[PDB]
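Chains A and B, in that order, are what the protein sequence lines are. According to the entry's author numbering, the stretch in the first sequence is residues 1 to 60, 66 to 373, in order. According to the entry's author numbering, the stretch in the second sequence is residues 1 to 59, 62 to 63, 65 to 252, 256 to 346, 351 to 373, in order. Ideal Cβ placement from N, Cα and C applies to all residues, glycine included. Data block below; observations after.
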Amino acid sequence: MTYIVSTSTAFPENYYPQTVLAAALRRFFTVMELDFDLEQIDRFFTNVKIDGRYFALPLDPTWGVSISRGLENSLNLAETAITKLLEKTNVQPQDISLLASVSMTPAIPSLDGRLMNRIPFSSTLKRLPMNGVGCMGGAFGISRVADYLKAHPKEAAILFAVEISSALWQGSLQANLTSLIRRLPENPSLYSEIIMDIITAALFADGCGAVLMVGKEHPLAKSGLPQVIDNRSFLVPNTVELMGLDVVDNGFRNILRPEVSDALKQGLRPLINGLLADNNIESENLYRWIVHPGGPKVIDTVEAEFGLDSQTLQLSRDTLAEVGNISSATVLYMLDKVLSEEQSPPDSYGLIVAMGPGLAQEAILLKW
Amino acid sequence: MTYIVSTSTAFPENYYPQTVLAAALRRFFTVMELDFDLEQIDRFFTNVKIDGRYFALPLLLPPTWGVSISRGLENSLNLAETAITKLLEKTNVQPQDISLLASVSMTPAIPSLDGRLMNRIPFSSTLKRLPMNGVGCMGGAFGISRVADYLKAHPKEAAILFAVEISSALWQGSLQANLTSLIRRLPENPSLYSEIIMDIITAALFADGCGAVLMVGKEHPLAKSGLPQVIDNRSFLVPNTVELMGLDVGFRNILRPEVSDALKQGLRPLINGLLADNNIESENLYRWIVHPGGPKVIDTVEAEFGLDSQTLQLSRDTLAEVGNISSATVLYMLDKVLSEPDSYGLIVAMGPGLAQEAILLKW
Numbered sequence: 001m002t003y004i005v006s007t008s009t010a011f012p013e014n015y016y017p018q019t020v021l022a023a024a025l026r027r028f029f030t031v032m033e034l035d036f037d038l039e040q041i042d043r044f045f046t047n048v049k050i051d052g053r054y055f056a057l058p059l060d066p067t068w069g070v071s072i073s074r075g076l077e078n079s080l081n082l083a084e085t086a087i088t089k090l091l092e093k094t095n096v097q098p099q100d101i102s103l104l105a106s107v108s109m110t111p112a113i114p115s116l117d118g119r120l121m122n123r124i125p126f127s128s129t130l131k132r133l134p135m136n137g138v139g140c141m142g143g144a145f146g147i148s149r150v151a152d153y154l155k156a157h158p159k160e161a162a163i164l165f166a167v168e169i170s171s172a173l174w175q176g177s178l179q180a181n182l183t184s185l186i187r188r189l190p191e192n193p194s195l196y197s198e199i200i201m202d203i204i205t206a207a208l209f210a211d212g213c214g215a216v217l218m219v220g221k222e223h224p225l226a227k228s229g230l231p232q233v234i235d236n237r238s239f240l241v242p243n244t245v246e247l248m249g250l251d252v253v254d255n256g257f258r259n260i261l262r263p264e265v266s267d268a269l270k271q272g273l274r275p276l277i278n279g280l281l282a283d284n285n286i287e288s289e290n291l292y293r294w295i296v297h298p299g300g301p302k303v304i305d306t307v308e309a310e311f312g313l314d315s316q317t318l319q320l321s322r323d324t325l326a327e328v329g330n331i332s333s334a335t336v337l338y339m340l341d342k343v344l345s346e347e348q349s350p351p352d353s354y355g356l357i358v359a360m361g362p363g364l365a366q367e368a369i370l371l372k373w
Numbered sequence: 001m002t003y004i005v006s007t008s009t010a011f012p013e014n015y016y017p018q019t020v021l022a023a024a025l026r027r028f029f030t031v032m033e034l035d036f037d038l039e040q041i042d043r044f045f046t047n048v049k050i051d052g053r054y055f056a057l058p059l062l063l065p066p067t068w069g070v071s072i073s074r075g076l077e078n079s080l081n082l083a084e085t086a087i088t089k090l091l092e093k094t095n096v097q098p099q100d101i102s103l104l105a106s107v108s109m110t111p112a113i114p115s116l117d118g119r120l121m122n123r124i125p126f127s128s129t130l131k132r133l134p135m136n137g138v139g140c141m142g143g144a145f146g147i148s149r150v151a152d153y154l155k156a157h158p159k160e161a162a163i164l165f166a167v168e169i170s171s172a173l174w175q176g177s178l179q180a181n182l183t184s185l186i187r188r189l190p191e192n193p194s195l196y197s198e199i200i201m202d203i204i205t206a207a208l209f210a211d212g213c214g215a216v217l218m219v220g221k222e223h224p225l226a227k228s229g230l231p232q233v234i235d236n237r238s239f240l241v242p243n244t245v246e247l248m249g250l251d252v256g257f258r259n260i261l262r263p264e265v266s267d268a269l270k271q272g273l274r275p276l277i278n279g280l281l282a283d284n285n286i287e288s289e290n291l292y293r294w295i296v297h298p299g300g301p302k303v304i305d306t307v308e309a310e311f312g313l314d315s316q317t318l319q320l321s322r323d324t325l326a327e328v329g330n331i332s333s334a335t336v337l338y339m340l341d342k343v344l345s346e351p352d353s354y355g356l357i358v359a360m361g362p363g364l365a366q367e368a369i370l371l372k373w
């Protein structure tokens, strides 16, 4: 089995409290003289339960130069996270066999290839650049690397996830919101669309997380480290339209439909109960959950679906409170917290759970 | 080791001769009255040695970019489903019996193409997925490598890789806008001349298509002895070559001439190493399958390894019949070889990074 040796994170410079971001969006609503209840901005920016977010891209361009900036910031955060991971484990870049990445940032070549020009990996490094997975990518990545290390038990591998959600604030939100409020009196059907764009504006933030995992025979694979003993994927049929990221002319639009939390119920239990059953364990046997905070409603749905104590998912709400939704990186950040400042009984069980576009969910069974 | 048991292709409905496509671009130049020598169009459309290309998207005086991406997405889905279904039918393999679906494509898709296909084909809801990007024309070869590693740890499982690219999306407005902005800015800046030629070469070269391959572990029932085994694979990235090849965001294909030269930096260190740790000399290779980025790339590989000029003939033939269909090309090539004796072979491709991938096969 694969061992989680260590983790690290990296965040951009500017941290805005949630009220400042809501004031910015309201200012845009007022300046363009858009006709939408200004208090609807505050309601959804407040009830997402986020205290403040990191933005790599300014709150004060062209879509080309915005993406170029986002590429640069993605690379910077990934470099910082990988470097501190290597230094805290005392591992040289040439001893890393596989470098896996997840990020919605457009990058051809991928961010991992780009990073080999700033960190001295060997030229024959294997790379695992994934995409089309959105918020699930963090957990997704662990699974893929875990599978990789089953056949490479002597190797070390690094996964990183980095997202620049603030790129939506570089024009896409503005253009789409102006058109939608334009048509609201013409066609009230679009009200639910504006809400979506506001919720997206209230929800998503920037960040990067990284994790070093090793195979069984690797010199760093010691007792007392979290072991990835199994993982599983699930895709809820006929839910493509509930979540995702569409490319539009001026930029992207984020798809997060209100149905999501209900749709998730179709996959959560067969995924998890099936995984645990196939490892002769029940959901009550889990000492800890690390559940991606899709939002307060997503967390509540997991709580209800598994009969969990109201404190069992507090890490999800805590994470969402301090950094917002940093998409694929969130779970890694959470895992980082758990490894760095929380205590795990020997041989206890943990479960990483994430959801995202498809609508797809990933579940990973950890053992201490 | 890992076996390759079958392959399939899928192409759009319309096949345009290279002469028609060149004439289309010249028409656009002339209607806009762009001050650029139109004989450079023919030249580079002729010099790429492509006789025709499949274009999924309409052949341009442009619709919305969101609409173009929607069409690219739906066409990519259609092609991949056609190829996957053909693969499954020709092997009599049930979709429920597939353990992994890996995809490579530059068509933006969140969720990925492989996820959306689970609604078209009855894969089990717990299908493992490997959706890859950022690799361009290397993806096909790249994909095979990553699937082989997977099946190394899952020796009785089956996986499918598909590669699908819609280059014709770049004819839906990006090339026109870029070429006009460059040409009517050329009098101010004579440095932009290079930028124009690159676009022409892009317009001359890339095409649409899809391939799929079914791969199995070693204990799988389909792992018969007539099939090629992936016995090793290696990857290599040339330092400080990011700006030579790639795709920047419409989009703009990046393909600088120096690629041909930077290519030399990677190939021989890669290939010679991969053969060396497998007790194999480059001369006793029965077969080569080299991604045809262009005839200049094929000639570079030929000279760098001192090959017989028929050894890479499959690359020139492929480029003539289907053009450069990016990550799918080498699958379309593999499909030929399987369908057209204790010997070794290698698949070689190159793409953005600038990265190269090499795979050692044994039949």
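Of all the CB atoms in chain B, is at least one closer than 8 Å to the CB of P301 of chain A?
Translated into the one-based positions of the first sequence, residue 301 of chain A becomes position 296. By this cut-off, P301 of chain A is not an interface position.
Would the beta-carbon of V358 of chain B fall within 8 Å of that of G143 of chain B?
Numbered from its first residue, the second sequence carries residue 358 of chain B at position 348. Numbered from its first residue, the second sequence carries residue 143 of chain B at position 140. Cβ atoms of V358 of chain B and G143 of chain B: not closer than 8 Å.
Check whether the region 77-95 of chain A and the region 131-151 of chain A are in contact - that is, three or more C-beta pairs closer than 8 Å.
No, the region 77-95 of chain A does not touch the region 131-151 of chain A.
What residue does the alpha helix (DSSP H) around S184 of chain B start on, and which one ends it?
Counted from its first residue, the second sequence places residue 184 of chain B at position 181. Run containing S184 of chain B: 177-186, per the alpha helix (DSSP H) assignment.
Below 8 Å between beta carbons is the criterion; list the residues of the region 130-141 of chain A that meet it against any residue of chain B, in chain order.
For the region 130-141 of chain A, which is checked against every Cβ of chain B, the residues closer than 8 Å are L130, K131, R132, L133, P134, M135, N136, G137, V138, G139.
Any Cβ of chain A within less than 8 Å of the Cβ of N78 of chain B?
Here the question's residue 78 of chain B lines up with position 75 in the second sequence. With 8 Å as the cut-off, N78 of chain B does not count as an interface residue toward chain A.
Whole angstroms are fine: how far does the CA of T9 of chain B sit from the CA of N285 of chain B?
In the second sequence, residue 285 of chain B corresponds to position 279, counting from 1. In the second sequence, residue 9 of chain B corresponds to position 9, counting from 1. Those two C-alpha atoms are separated by around 34 Å.
Just checking my contact of residue 64 of chain B with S321 of chain B at CB under 8 Å: how many whole Å lie between their CB atoms?
No coordinates exist for residue 64 of chain B in the structure shown, because the numbering of chain B passes directly from 63 to 65.
So with Cβ pairs under 8 Å, would you call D152 of chain B a contact of chain C?
Absent from the structure: chain C. Protein chains present are A and B.
What residues of chain B sit near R188 of chain A, judged by a beta carbon separation below 8 Å?
Position 183 of the first sequence, counted from the first residue, corresponds to residue 188 of chain A. None at all; the shortest Cβ gap to chain B is about 16 Å.
Determine, for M218 of chain A, whether the minimum Cβ-Cβ distance to residues of chain B falls below 8 Å.
Position 213 of the first sequence, counted from the start, is the residue given in the question as residue 218 of chain A. No, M218 of chain A lies away from the interface with chain B (no Cβ there is under 8 Å from its Cβ).
Of the residues that make up the region 321-344 of chain A, which ones have a beta carbon closer than 9 Å to any beta carbon in chain B?
So the list is empty, because no residue satisfies the distance condition.
Mark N181 of chain B as exposed unless 16 or more other C-beta atoms lie within 10 angstroms of its C-beta, in which case mark it buried.
Here residue 181 of chain B corresponds to residue number 178 of the second sequence, with the count starting at 1. Buried, by the Cβ-count rule.
May I ask you to report which of helix, strand or coil DSSP gives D283 of chain B?
The sequence position of residue 283 of chain B within the second sequence is 277, counting from 1. In this structure, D283 of chain B counts as coil in the three-state DSSP scheme.
Going along the chain, which residues of its own chain have a beta-carbon closer than 6 Å to the beta-carbon of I234 of chain B, five neighbours each way excluded?
Taking the first residue of the second sequence as 1, we reach residue 234 of chain B at position 231. These residues qualify, in order along the chain: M1, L370, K372.
Would you decide whether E367 of chain A is buried or exposed? Buried here means 16 or more other CB atoms lie within 10 Å of its CB.
Residue mapping note: residue 367 of chain A aligns to position 362 of the first sequence, counting from 1. Its Cβ being crowded by 16 or more others within 10 Å, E367 of chain A is buried.
So, under 8 Å CB-CB, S184 of chain A and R258 of chain A are touching, yes? Tell me the CB distance rounded to an integer number of Å.
Within the first sequence, residue 184 of chain A is the residue found at index 179, counting from 1. Within the first sequence, residue 258 of chain A is the residue found at index 253, counting from 1. Not really, about 11 Å apart at Cβ, beyond 8 Å.
Starting from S238 of chain A and walking both ways along the beta strand (DSSP E), at which residues does that stretch end?
Stepping through the first sequence from its first residue, residue 238 of chain A is reached at position 233. Per DSSP, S238 of chain A belongs to the beta strand (DSSP E) from 232-240.
Pick helix, strand or coil for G300 of chain A, following the three-state DSSP scheme.
Here residue 300 of chain A refers to the residue found at position 295 when the first sequence is read from its first residue. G300 of chain A: coil per DSSP, three-state reduction.
Considering only the beta carbon of each residue, do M218 of chain A and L154 of chain A sit closer than 8 Å?
What you label residue 218 of chain A is simply residue 213 of the first sequence in a count that begins at 1. What you label residue 154 of chain A is simply residue 149 of the first sequence in a count that begins at 1. In this structure, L154 of chain A lies closer than 8 Å to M218 of chain A by Cβ.
Can you tell me where the alpha helix (DSSP H) holding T324 of chain A begins and where it ends?
Residue mapping note: residue 324 of chain A aligns to position 319 of the first sequence, counting from 1. That run of the alpha helix (DSSP H) goes 319-328.
Do you know whose CA, among B:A22, B:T306, B:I199, B:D283, lies nearest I260 of chain B's CA?
Counted from its first residue, the second sequence places residue 260 of chain B at position 254. The residue with the shortest Cα to Cα distance from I260 of chain B is B:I199.
Quick one: give me the first and last residue of the beta strand (DSSP E) that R53 of chain A is part of.
Sequence index remark: in the first sequence, residue 53 of chain A carries index 53 (1-based). It spans 52-55 - the beta strand (DSSP E) in which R53 of chain A sits, taken as one unbroken run.
Below 8 Å on C-beta distance, what does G69 of chain A contact in chain B?
The count along the first sequence starts at 1 and reaches residue 69 of chain A at position 64. Here the neighbours are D251, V252.
By alpha-carbon positions, which one of A:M32, A:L273, A:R27, A:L90 ends up nearest to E39 of chain A?
Walking along the first sequence from the start, residue 39 of chain A turns up at place 39. Nearest of A:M32, A:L273, A:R27, A:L90 to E39 of chain A, Cα basis: A:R27.
Note down, in chain order, every chain A residue with its Cβ under 7 Å from the Cβ of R119 of chain B.
Within the second sequence, numbered from 1, the residue matching residue 119 of chain B stands at position 116. Chain A residues near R119 of chain B: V245.
Going along chain B, which residues have a C-beta under 7 Å from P111 of chain A?
Indexing the first sequence from 1 puts residue 111 of chain A at position 106. Within 7 Å Cβ-Cβ: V252.
Pull out every residue of the region 87-110 of chain B whose Cβ sits closer than 7 Å to any Cβ of chain A, in chain order.
Residues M109.
Of the choices B:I204, B:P111, B:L103, whose alpha-carbon is the least far from that of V253 of chain A?
Residue 253 of chain A sits at position 248 when you count from the first residue of the first sequence. Answer by Cα proximity: B:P111.
Below 7 Å, is the gap between the Cβ of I295 of chain B and the nearest heavy atom of the ligand FAD?
As for the ligand FAD, it is missing from this structure, which has no ligand bound.
Only counting the same chain, and skipping five residues up and downstream in sequence, which positions put a Cβ closer than 7 Å to that of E287 of chain A?
As a first step, residue 287 of chain A is located in the first sequence; it is residue number 282 there, counting from the start. Excluding sequence neighbours, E287 of chain A sits near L281.
Need the endpoints of the beta strand (DSSP E) that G214 of chain B sits in, please.
Sequence index remark: in the second sequence, residue 214 of chain B carries index 211 (1-based). Unbroken beta strand (DSSP E) run through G214 of chain B: 211-219.
Go through its chain and collect everything with a Cβ distance to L273 of chain B's Cβ below 7 Å, but skip five positions before and after it.
For the purposes of this step, residue 273 of chain B is identified with residue 267 of the second sequence, where counting begins at 1. Around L273 of chain B: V307, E310, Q366.
Among all the DSSP beta bridges, which residues are the ones paired with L90 of chain A?
Counted from its first residue, the first sequence places residue 90 of chain A at position 85. None, per the DSSP bridge assignment.
In or out: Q232 of chain A buried (at least 16 other Cβ within 10 Å) or exposed?
On the first sequence, residue 232 of chain A is found 227 positions in, with the first residue counted as 1. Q232 of chain A should be labelled buried.
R119 of chain B lies in the beta strand (DSSP E); which residues open and close that run?
For the purposes of this step, residue 119 of chain B is taken as residue 116 along the second sequence, with counting starting at 1. Counting along the chain, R119 of chain B falls outside any beta strand (DSSP E), though it belongs to the alpha helix (DSSP H) covering 116-120.
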